Amino acid sequence: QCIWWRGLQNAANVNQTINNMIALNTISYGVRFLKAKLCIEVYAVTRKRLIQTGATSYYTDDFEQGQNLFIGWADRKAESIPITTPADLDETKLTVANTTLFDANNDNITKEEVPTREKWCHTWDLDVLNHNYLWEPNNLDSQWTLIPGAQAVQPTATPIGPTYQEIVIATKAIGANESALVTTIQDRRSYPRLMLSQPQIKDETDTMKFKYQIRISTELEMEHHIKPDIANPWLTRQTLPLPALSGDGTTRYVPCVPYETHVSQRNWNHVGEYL
Amino acid sequence: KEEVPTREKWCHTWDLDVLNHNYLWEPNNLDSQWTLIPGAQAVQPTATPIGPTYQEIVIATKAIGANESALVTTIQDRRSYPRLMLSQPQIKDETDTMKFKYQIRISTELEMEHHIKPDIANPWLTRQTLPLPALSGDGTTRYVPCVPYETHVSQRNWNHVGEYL
Amino acid sequence: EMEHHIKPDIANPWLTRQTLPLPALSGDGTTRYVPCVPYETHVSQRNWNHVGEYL
Amino acid sequence: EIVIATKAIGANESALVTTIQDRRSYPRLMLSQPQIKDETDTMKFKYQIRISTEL
Amino acid sequence: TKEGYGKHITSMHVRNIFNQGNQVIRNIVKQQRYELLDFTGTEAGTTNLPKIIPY
Amino acid sequence: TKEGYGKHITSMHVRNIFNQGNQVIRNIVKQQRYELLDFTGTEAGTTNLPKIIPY
DNA sequence: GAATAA
DNA sequence: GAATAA
DNA sequence: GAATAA
DNA sequence: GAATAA
DNA sequence: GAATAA
DNA sequence: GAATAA
């Protein structure tokens, strides 16, 4: 939902692909995120085996190749990632309290579980955008900034704005003397919440503790539409700003709505009442 | 006019699905009058604005509580809804008109697909929901608009134009 | 060339629904700069081809 | 199998609802562990599972 | 080896059996009404005047 | 003669548009539940004993 | 019946 | 038009 | 001419 | 694209 | 979808 | 199996 594809959670994660990107965001009037493919690779599934005699515990980590990392999808429930800092978003240290892929009652998670030597690859098509438009050229240094989507749910505190709704109506400045009523329609993308969690297994004391050695692999297709050969500040017409959260809030909850329901334009069939 | 004699019925069907791109109208108990059938009709009073849902291209903000919002935003096809009336022949008698009173049974049945809730709370699901074209205002009396027709205009260039160009 | 779509045979002030005002500049400015933007760039909804990285 | 019952319908009326239906033996169902004698009684197994029951 | 016997049993694929919030119920509001149209009166809606259907 | 003009108009046959009380809605109660089966305990339902599914 | 004949 | 679009 | 040669 | 869309 | 849409 | 049996 956010953009960690630049790998913000540590500034140590920059590769020329990020650098190539920055130089393109300089020479570009606008951009599209065309496709985003994520591939998790699980090298190990390792629980901490807790051997407890009364009033003592022996700890050892042990490989479980009969267990696997659960990649959860929240497709039944409205949920949000809290975001504060570029570090606050990390595939590891990022969490929400009282959250479990396993509820004793209604398990709202569609899970995809990967064992050792199996990978979870998932691709998102980030081109939501129709009618010869683009997203503004952007260096992704800014967190609380969201992947291309028409998702309709914004907080009152940090409104994402028209770019976030399906039908975009916005005003780009073009300096003081001019304006652009950049105005497009785009297809709606529900982006659920995604999680990497362990099996919940009650041990004698609470849960078993699993820690997964993995390699996430996240690669992001972008067509950087580079600048004209001649200045056109008036070219922002077909550029849109990203669905970045705007506000003073230090912490910002980036929305995840699981699904876009299908409704019909079709009339009925097999309705008994004759009309 | 469409005139019905005794043992003849006037049946007329309206297709109230005006709505495109995977949207819906809010769930509504119709107890509220000054509330209008689905339409993209463009004419609203200044006193009781119907709002974006009423114009063809909808741009609206649904609350989703305080912390969130939804810029529900759709396009929909325009429906002119004329005014409909049941009246008598006007026949001058020696004194003013003849007075007719019709025994009739109106029969009004309305198809609705109620898209029921998710199996899990999504206050953020109002994205594809729209509020009805209900009139909003303090006005005790409210004039609900009827515009007879949506004129057809062409994207076609001319033909049989004498000037050569 | 103009198709002047003439009025209804009956008043419909509510017919402006499908009418739009022109892109006339509005303001007090005696001099007004009418914008000319040379081109509308073409961008693709197409994914790539002949990209060497396998994915 | 053959139902003969009286539904009230209030005080003034009754319904001798009366049907036939096919017989269903429903056994008992259980989730248990292997019984394995250890040095002390049985081994103790505890299963992490998700039941999924839809009706 | 991980293997076990069962009936209507399968290797466990993705299962989330809650719909992604897509479901549609259809009722028709049905409101037949016998009515009268009285133009014979002087009172309010009873007059020479056309009586309206506010669809 | 009894005659009149109209559209979607017909000689009036039998119309009662209320159903004779035949209508069927279908939901599936869906109750996925992650659960534990603990035989490691001495307390109540945690024992060597088979745990029951009361369908 | 490039000069407007639907 | 396993995530209910009759 | 999974390691980007349009 | 009887309710005028050359 | 001579004005760079791989 | 105009009176709603997907």
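Below, each value reflects all heavy atoms present in this structure, side chains not excepted, and no hydrogens, waters or symmetry copies. Numbers restart at 1 for each chain; the letters A, B, ... are given by sequence-line order, proteins then strands.
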Closest listed nucleotide, where the reference is the side chain of [X] and the choices are [options]:
X: F:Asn22; options: H:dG1, I:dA2, L:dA5; value: L:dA5
X: F:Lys7; options: I:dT4, L:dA5, J:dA2; value: J:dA2
X: A:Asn132; options: J:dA2, L:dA5, K:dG1; value: K:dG1
X: A:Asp229; options: L:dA5, K:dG1, K:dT4; value: K:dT4
X: B:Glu163; options: H:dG1, G:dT4, I:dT4; value: G:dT4
X: C:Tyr54; options: G:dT4, I:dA2, H:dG1; value: I:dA2
X: F:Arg15; options: L:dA2, J:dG1, H:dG1; value: L:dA2

In this structure, how many angstroms lie between the [atom2] atom of [N] and the [atom1] atom of [X], rounded?
X: C:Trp48; N: K:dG1; atom1: CH2; atom2: P; answer: 22 Å
X: A:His225; N: K:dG1; atom1: NE2; atom2: P; answer: 13 Å
X: A:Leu34; N: I:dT4; atom1: CG; atom2: P; answer: 21 Å
X: C:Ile10; N: J:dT4; atom1: CD1; atom2: P; answer: 11 Å
X: F:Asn19; N: L:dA5; atom1: CG; atom2: P; answer: 8 Å
X: C:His50; N: I:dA5; atom1: NE2; atom2: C1'; answer: 12 Å
X: A:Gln16; N: I:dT4; atom1: CD; atom2: P; answer: 14 Å
X: A:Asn232; N: K:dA3; atom1: CG; atom2: P; answer: 15 Å

Which is true for [X] with a 4.0 Å heavy-atom rule: it touches a base, it touches only sugar-phosphate, or it touches nothing?
X: E:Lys30; value: base
X: B:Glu2; value: base
X: A:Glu219; value: nothing

Please compare A:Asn269 and A:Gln265 by the position of their nearest nucleotide in DNA chain H and report the one closer to 5'.
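Whichever sits nearer the 5' end wins; that is A:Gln265.
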Nearest nucleotide by nearest heavy atom, which residue falls closer to the 5' end of DNA chain H, D:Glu54 or F:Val24?
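On the 5' side of the pair lies D:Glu54.
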Side-chain contact test, heavy atoms from C-beta onward, threshold under 4.5 Å: evaluate it for A:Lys111 versus A:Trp73 and give yes or no.
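A side-chain contact is absent here, since even the closest heavy-atom pair is not under 4.5 Å.
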Looking only at side-chain N and O atoms, does C:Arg17 offer a donor or acceptor that is under 3.5 Å from a partner on B:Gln41?
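Side-chain D/A pair, B:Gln41 to C:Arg17: absent.
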Can you check side chain to side chain donor-acceptor pair (under 3.5 Å) on A:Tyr29 and A:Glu136, steps first, answer last?
CA-CA 7 Å; A:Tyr29 63 79; A:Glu136 291 180 352; over 6 Å; no
Would you check, one step at a time, whether the test side chain to side chain donor-acceptor pair (under 3.5 Å) holds for F:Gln32 with D:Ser52?
CA-CA 4 Å; F:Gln32 288 218 317; D:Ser52 297; 3.1 Å; yes
Which atoms form the tightest heavy-atom contact between B:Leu84 and B:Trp14, and what is the distance?
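In this case the closest contact between B:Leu84 and B:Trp14 is CD2-CH2, 4.0 Å.
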